[PDB]
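Here the structure is laid out as structure tokens; the discussion comes afterwards.
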């Protein structure tokens, strides 16, 4: 710590390396101080994610709007393991990652159908149809896959209309 | 799942006209494993379908490739089946208008058994291999005129030693 | 499995259990009997070799032998009597007889050792009585190299004896001469010797508190000192360890160095309770302590209890390895270091044999192989050089148990099984099950029905069954000694001397050409149909074909390529081409974990090991073709079945196809407890000499044959089904090969749907589905075919889920988890776990492992209970599923139990319901809606306020006559206050980074929908200017502009249209403004 505060702000890389040395030897607060002095937002976010604090992570997110994914994704899986599946679904919707959003939306729409929460199932299916057009930026689908997902989008829109209409009749 | 494709087609006449040919092709596939595909031609001829007419969007665009792939597979099956019937001349236009190496290779095997050695000779040189083509030439076809054009491209002197006896 | 043959050399004399000894290298055994006092010296099989009494000169005083010891390398015994006379029994050596050099087989050696034991001699040591001073020799001991002897008597006299080997002019004699005459403090019980790594130094123990050693310095000095009485001392020469277990059962292990001084290393208190001890009153003596060296570094002891206590000197760990049952009083113990086997003798009459695993937890290394119920109390247990175990039963009784494999045979008509030493059960497929007893013990079984030959070592007796009268009678014997003999329809083929003799039932010679020493003596032979295999003592293999007249040798003698690996069994297939070989390891006849297949066409020898499966085999069998059935297929001739057991043991039967390329494993088949073993194979059935499920395994008469079906021979409606059976065997072969493309054609001839089911199971195991769709749809399993089609249609990218669906449709259910266990498909296996009726497994799986589907599990269980008409559990689980907003009221309304629901909303078990029901906010809201639509407005208001549903409360208050406007305004403004609080909190939180970053983010608080009605009230009162504020506060942009029309205002119209952020709201207000 003494040599860390001996250093000026010019030698950024050396302070980042010694903050890494802090982190490997579980010197978490010292790593926080060094990363703060070098305003290394990504490492602050990572160490807070591993730690557990989220308010600090979002304060860091406020200064840098372009670092959204690497905060939301561990936030999304933390919400998922804390059984707040609707909130986890919303977080996945925010931070792209369409594979896990797809799976969680399938499970939620299925749960709404089997538990006869027809308004919930209608909402899940009508937004699942919209999600069926979401692909990862690394993958450019063929026209065959585009059709194979357009058909499921139209089918899910139809299912959403049917379930939303049927909710009131079943209630009556 | 009953494999009564006959009555499946029978009810598809009035239920689903568009579903009619697809089941048909599947029927022929099962016949492929039993050698009773002598009747597996009319459904291939019935597999034709009018082009989807409509707006030029993707919805009318993507399906074209799938239905054309189905047509190509059906014509492949028809060309494969026509060999043992005795309609090699009709199948030759489809075979020589094709591009697939494996399909032509599979079609070329059975032409010798019907003693239709001219079409077999035409397919052997385009089958992708010339050594086995010349081996069949010198043992069965005995057509040195076609083998003369393949002489610079074969290094098998044991083939040449029987080839040059009557050359 | 295997069993002991029990030979009891009959004598009515009282055996002393303490005086049975065994030569450690030569296979002999000496016993001392009282009344009459004598010594029976027998071989390792219990056969009497000689009987010894007092040397002549006795005036009627037939003295009583008191100690017997063996020479460590010579065939020499020394006997200390009751009078102190020291006799020496010596048999002349075989090489001294100068007979022929062919005496290398076991039987010739046995015969010559028998005649030499009959030609043995007894000598007397001079002055030995005086040195012991007419005292009974209570102990004696040879050195490790066996040229120093020590004799200790009850007068505490200890004498050292030097051994002098005098080569006579025609023989070799021995003499024992005294050296010292020292005295101990007490009559010494056990004398041990120590080697230097020759050196003369003997430890002595009198059973007291201190042990006294003596060395060449003629000094008797203690080594270890204990304050309590010691009973038995265990010495390990390799580590020189000296383990003493006290009479109070305390561990004292001493490391002993060259100074002959014991240093304690492990000594920890053991708490053995003294609450009602089982004092041995049946015997009238103190319970004998028992410990022996179980393994190098590990010492075992049994305390006479039902437990066996092992102690690892390397780690200091003492633990217990229990017997398979409780209630077993251990009496004596012994261990064979050659096989790593412990022998546990019980007072109830059980011998338990423990085998080293290498011959997890350390205690699992030992495991009990065989439990032999002798039915008599055992006194002492002594092993021999070869592994044969002698027992002292009932004091005056002695038995010798020799371990063998159970002889059995299957000709094709009837199966013969051995069940005892001399009891054989012969059982046909016609029900002709009968038991036969032999004069001597069973050593070889051969059957060609109804002729059946049993070999008892010295001779073979072939019995004839007249099934018309079912009468069996001995006719004549063939006095031969070879283990090679086999009977046939043509005749009996055995070995006499070097000759392999083929004769008829009346012993009419058929083939006779004299063999040579280079060709050697055949030891093994196998007969089936018209083919024979002979294996000599030198690995030579002679295939042969038997005919009506001759023995056509199919080729010359052949050797095979594998301490050394011998051959013990061979079976040839029905083509007379492939031979299955059972190998053994080492001269100790240790079993081998691999089996061999010799193909004469390619002359190859392939093999397959069972140590990869943690298994040891016992026998191998080919498919025997049925009698009078020559139309059996070729592949059906090559299937091989092997009986294996893992290291009441598990039983397995494993099937192989003996192809040219090697051994391809077909399938395993576990056997039940009543299924004792396998006797024969005849496709499609393993023929097992089992016992009844409810029957008595102890009964010798309950041995009934069972034809266990082959696993891939199900659905055999017709026993004459020939083409279907052959094509099914071909399909099984092709499945073992694997390339299922022509295995598809292997079953087309078959119309038995069980073959289609087996093909579908193969399709599951492989991973091919286009074949499998036809496999399903040709059996018309439209349920499973529908499931497969739906799996393909909905999950096209994944093939493992379609494989799992196919496996589920094939009535095999354990595979679904194993398919995609860790790569995650937890939902589908949750559905499968529910679909098996195991809700209490699915919910506990999902609680820890699959948290996203607890609610479907609860809802499915609630539906399950509702269909069971148990509204209690159904209601509580519809509560647990968080669906009580719509489903618990459904049950109460459709059971017409609405009075109870009203009671709950406004009995010990009712406490559980009333704990949760009255405060369930969803239930409050539902009851409020119910009473609101029941025209009970005020009860609705009460329950809405109990459920804090602001929107409904505001709607009701603005709907009432008079409209309670002020309370509605208060609640609306309270919600506007909370919305402002949230917006201001988020805005102030965001403004920290907005201090440097100039952002014109015109965020607004969440509008309150409940304000809408309030504006409606002003919309009905002409206070439209007031209504517009609440409409904007509600987010009613359309209603906002609807209000804004009448002001003749356009700016509010425009900005509300902009704030609407929906295209139509400016799209029409554009030309609304233009006019």
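Residue numbers (the entry's author numbering), protein chains in the order written: chain C, 777 to 948; chain F, 766 to 932; chain E, 1 to 197, 222 to 383, 408 to 610, 638 to 722, 793 to 1051, 1073 to 1241. Beta carbons are placed, not taken as given, at the ideal position from N, Cα and C, and that holds for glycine.
Could you name the residues of chain F that residue i contacts, counting a contact when the two beta carbons are closer than 9 Å?
i, result
"residue 922 (chain E)", "766, 767, 768"
"residue 204 (chain E)", "Along chain E, the last residue before the gap is 197 and the first after it is 222, so residue 204 (chain E) carries no coordinates."
Check the Cβ of residue i against every Cβ in chain C and list those closer than 8 Å, keeping chain order.
i, result
"residue 827 (chain F)", "919, 920, 922, 923"
"residue 818 (chain F)", "Within 8 Å Cβ-Cβ: nothing; residue 818 (chain F) doesn't reach chain C, min ~18 Å."
"residue 1001 (chain E)", "886, 887, 890, 891"
Quick one: list the residues of chain C neighbouring residue i, beta-carbon separation under 9 Å, in chain order.
i, result
"residue 900 (chain F)", "Correct list: empty, because the minimum Cβ distance to chain C is about 42 Å."
"residue 989 (chain E)", "Under the 9 Å cutoff, chain C gives no residues; its nearest Cβ is about 17 Å from residue 989 (chain E)."
Bridge partners of residue i, per DSSP?
i, result
"residue 463 (chain E)", "E:458, E:475"
"residue 626 (chain E)", "Because chain E is numbered 610 and then 638 with no intervening positions, residue 626 (chain E) cannot be located in this model."
"residue 40 (chain E)", "E:31, E:51"
"residue 157 (chain E)", "E:183"
"residue 440 (chain E)", "E:446"
"residue 275 (chain E)", "E:269"
"residue 414 (chain E)", "E:380"
"residue 64 (chain E)", "Residue 64 (chain E) is not bridged to any residue."
"residue 495 (chain E)", "E:500"
"residue 303 (chain E)", "Beta-bridge pairing links residue 303 (chain E) to no other residue."
"residue 511 (chain E)", "E:500, E:522"
"residue 717 (chain E)", "E:695, E:799"
"residue 369 (chain E)", "E:356, E:375"
What does residue i reach in chain E if we use C-beta pairs closer than 8 Å?
i, result
"residue 832 (chain C)", "Going along chain E, no residue has its Cβ under 8 Å from residue 832 (chain C), so there is no contact; the nearest lies around 12 Å."
"residue 806 (chain C)", "Ordered by position in chain E, no residue passes the 8 Å Cβ test against residue 806 (chain C), which lies about 24 Å from the chain."
Which whole-angstrom value describes the C-beta separation of residue i and residue j, a residue pair presumed to lie in contact below a C-beta threshold of 8 Å?
i, j, result
"residue 1171 (chain E)", "residue 1140 (chain E)", "Not really, about 13 Å apart at Cβ, beyond 8 Å."
"residue 951 (chain E)", "residue 917 (chain E)", "6 Å"
"residue 433 (chain E)", "residue 26 (chain E)", "6 Å"
"residue 500 (chain E)", "residue 477 (chain E)", "Between residue 477 (chain E) and residue 500 (chain E) the Cβ distance is about 16 Å, and since that is not below 8 Å, they are no contact."
"residue 348 (chain E)", "residue 793 (chain E)", "7 Å"
"residue 852 (chain C)", "residue 871 (chain C)", "6 Å"
"residue 4 (chain E)", "residue 449 (chain E)", "4 Å"
Can you list the residues of chain C that residue i reaches, using a CB-CB cut of under 7 Å?
i, result
"residue 859 (chain F)", "By Cβ distance, chain C contributes nothing, its closest Cβ being about 25 Å from residue 859 (chain F), past 7 Å."
Taking residue i as the query, report the chain E residues whose CB atoms sit under 9 Å from its CB, ordered along the chain.
i, result
"residue 835 (chain C)", "1155, 1158, 1159"
Just to make sure I have the definition right: I need the residues of chain F whose C-beta is within less than 7 Å of the C-beta of residue i. Which are they?
i, result
"residue 649 (chain E)", "Going along chain F, no residue has its Cβ under 7 Å from residue 649 (chain E), so there is no contact; the nearest lies around 33 Å."
"residue 822 (chain E)", "Neighbours of residue 822 (chain E) on chain F: none; closest Cβ ~44 Å, over 7 Å."
Sort the options by Cα distance to residue i and report the nearest one.
i, options, result
"residue 87 (chain E)", "E:943, E:665, E:76, E:1219", "E:76"
"residue 677 (chain E)", "E:600, E:666, E:803, E:597", "E:803"
"residue 899 (chain E)", "E:876, E:109, E:884, E:885", "E:876"
"residue 701 (chain E)", "E:675, E:825, E:666", "E:825"
"residue 859 (chain E)", "E:266, E:674, E:870", "E:870"
"residue 1109 (chain E)", "E:1047, E:1080, E:1142", "E:1047"
"residue 282 (chain E)", "E:243, E:1093, E:312, E:197", "E:197"
"residue 107 (chain E)", "E:45, E:814, E:661, E:1013", "E:45"
"residue 318 (chain E)", "E:298, E:303, E:345", "E:345"
"residue 223 (chain E)", "E:162, E:232, E:249", "E:162"
"residue 83 (chain E)", "E:132, E:1196, E:150, E:142", "E:132"
Hey, which unbroken runs of the alpha helix (DSSP H) at 4 residues or more fall wholly within the segment 836-900 of chain F?
853-861, 866-873, 882-890
Could you give the uninterrupted runs of the alpha helix (DSSP H) lying entirely in the segment 67-135 of chain E, keeping only those of 4 residues or more?
106-118, 128-132
Taking the runs of the alpha helix (DSSP H) that are 4 residues or longer, which of them lie wholly in the segment 832-865 of chain C?
845-857
Considering only residues of the segment 890-960 of chain E, which uninterrupted alpha helix (DSSP H) runs meet the minimum length of 4 residues and lie entirely inside it, listed in chain order?
898-911, 915-922, 927-939, 945-954
Write down every uninterrupted run of the alpha helix (DSSP H) in the segment 1108-1187 of chain E whose length is 4 residues or greater and which is fully enclosed by it, in chain order.
1116-1125, 1131-1156, 1177-1185
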